[PDB]
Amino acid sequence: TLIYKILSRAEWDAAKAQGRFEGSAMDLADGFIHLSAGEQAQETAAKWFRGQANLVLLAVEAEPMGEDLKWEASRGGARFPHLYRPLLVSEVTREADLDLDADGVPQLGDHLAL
């Protein structure tokens, strides 16, 4: 099961300079890194990242993550993957630079189809 994280290019480069991503401002505030399962990802992008250019999508295999990866019932009653530890750069299976629609919404369609 692949889970996803959307973040700014600046934050992703900063993470690679550290060897791991500790979280966005919101993640840090909440105490965990907000990730989305494939079927929840596009809505997450439409809700929190509108109009943001240079975003990057990180795809992560959930199975080997361990105890710090907790699935918690959240938006619409769906269980969202929450990581209670930094995301290692090595745990990213693949990344991709995102483009926006005419409404400023990042397009995840093609990447989720992989």
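Throughout, we count residues from 1 along the sequence that is shown.
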{"item": "60-68 versus 27-35 - greater average Cα B-factor per the deposited record", "value": "60-68"}
{"item": "Of 47-55 and 79-87, the stretch whose C-alpha atoms average the higher B-factor in the entry", "value": "47-55"}
{"item": "CA B-factor ranking of residue 3, expressed as a third of its chain", "value": "middle"}
{"item": "Third of the chain, ranked by Cα B-factor, where residue 100 sits", "value": "highest"}
